[PDB]
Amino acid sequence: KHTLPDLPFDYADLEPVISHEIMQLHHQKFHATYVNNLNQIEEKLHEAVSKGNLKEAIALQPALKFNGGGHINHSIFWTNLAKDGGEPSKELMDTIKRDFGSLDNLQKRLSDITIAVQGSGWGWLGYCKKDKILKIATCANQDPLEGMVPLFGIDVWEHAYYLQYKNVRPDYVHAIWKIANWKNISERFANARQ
């Protein structure tokens, strides 16, 4: 039902920022496994909720969140990366300046909170429709970003960088900005503002 999306580029297209092997494992092993497990979990949850099997439905929650979140997060991440992703739209850049001062400031602040994640997780730039502002946040494990529309995510599970950067998470978080797909991020921003 839920399916593994093809990448919008080939496995080596993000070198030298992220290696072919990192991408191939990340897509073919991690994302594929989140999808396969999600489909199994979702079927079980459908059954449990329909039947009012309440203990079971509650028991399935951590697995739905983890595999479902895995699918949500990685699907967004692939669209967020490009060999040549361009620059923010004028509208996005103007809003970055409003809410963070400059793109430089945003990159520093998001990189810092992302680097600081204890264990596995994600950093996010998002847009909050209620307060009409850009925000930055982190999520543990595969918890999906909630409370704001996701625009740009940075995966800091060790599987996202270890083969190439080894322990040096900061160099990966800083380098990923080189392959940020600003065309996609800008499109997500435009959609979030409607």
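Residue numbers run from 1 along the displayed sequence.
> Please compare 130-138 with 157-165 and say which has the higher mean C-alpha temperature factor in the record.
Between 157-165 and 130-138, it is 130-138 that shows the higher mean C-alpha B-factor.
> Averaged over C-alpha atoms, is the B-factor higher for 111-119 or for 77-85 in this PDB entry?
Going by the record's values, the stretch with the higher mean is 77-85.
> State the tercile, meaning the lowest, middle or highest third, of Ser50 with respect to the CA B-factors recorded for its chain.
Top third by C-alpha B-factor.
> Just say lowest, middle or highest third for the CA B-factor of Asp10 relative to the other modelled residues in its chain.
Highest third.
> Comparing against every modelled residue in the chain, figure out the third that the C-alpha B-factor of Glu146 lands in (lowest, middle or highest).
Tercile = middle for this residue's CA B-factor.
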